[PDB]
């Protein structure tokens, strides 16, 4: 019944780093892994993430959630250009490869309790898209769930961030989650709340039309955070729905 939380830090090139936590209920058996990715404006202690990590730990998962390295750079006093360059989708994918590599090499806390043959991803908002990319590109990711994201990462037209513009420009095919979802044979679930941006709803419709093989769940009255914005004093019906549906999807491998 006791949820334990273990901090870790992965040191990257230069002075970049990822701070994260392993969350689990200890016992004798190896537990399926859920790796969680926060959205563009998020961080591992934001909003619903502490609750969500503990929620999956109470249901028998070895949970990893973490600050993308742009977060650590910002908290370290990096200048605007530095944080901007670290804010690309390519950088998210690199950060994820570091997280997954440390996990799969059994370097994270309490590694003997992780079943790395059963790894799933959960990504929010823009990390919904990056997680689909990562899942499609790595055979060892067994399923992926996107919350209020999933459509291809966009540069708007010309973003305030020129590094994001160059990234999108040079990865048009690589980041095309419509193609990726259509050919990915592993189960993908996208959950979208109906009170989100109109452009995102249109993108989700296009994605569903491109990959009718995957699984799509609408929560019509839910907003971009399922109501779980900061600080998290209590859960909401929308977040509880998203969690139960996601849990059912991971464990059943289908709905």
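Residue numbers count along the first chain shown, from 1.
Quick check on the record: does 209-217 or 63-71 carry the larger mean Cα temperature factor? Mean B over CA atoms: larger for 209-217.
Out of 75-83 and 142-150, which one has CA B-factors that are higher on average in the deposited record? In the deposited entry, the stretch with the higher C-alpha B-factor mean is 75-83.
Specify which of 121, 99, 133, 156 carries the largest Cα B factor in the deposited PDB entry. Highest CA B-factor of the listed options: 156.
Report the option among 180, 164, 114, 127 whose CA atom has the maximum B-factor in the deposited record. Among 180, 164, 114, 127, the PDB entry lists the largest C-alpha B-factor for 164.
Name the third of the chain's ranked CA B-factors that contains residue 137, choosing lowest, middle or highest. For residue 137, the deposited C-alpha B-factor lands in the lowest third.
Is residue 12 in the lowest, middle or highest third of its chain when residues are ranked by C-alpha B-factor? Its C-alpha B-factor belongs to the highest third of this chain's values.
Which third, lowest, middle or highest, does the C-alpha temperature factor of residue 203 belong to within its own chain? Its C-alpha B-factor, which the entry lists for residue 203, ranks in the highest third among residues of this chain.
Could you tell me which third, lowest, middle or highest, the C-alpha B-factor of residue 196 occupies within its chain? For residue 196, the deposited C-alpha B-factor lands in the highest third.
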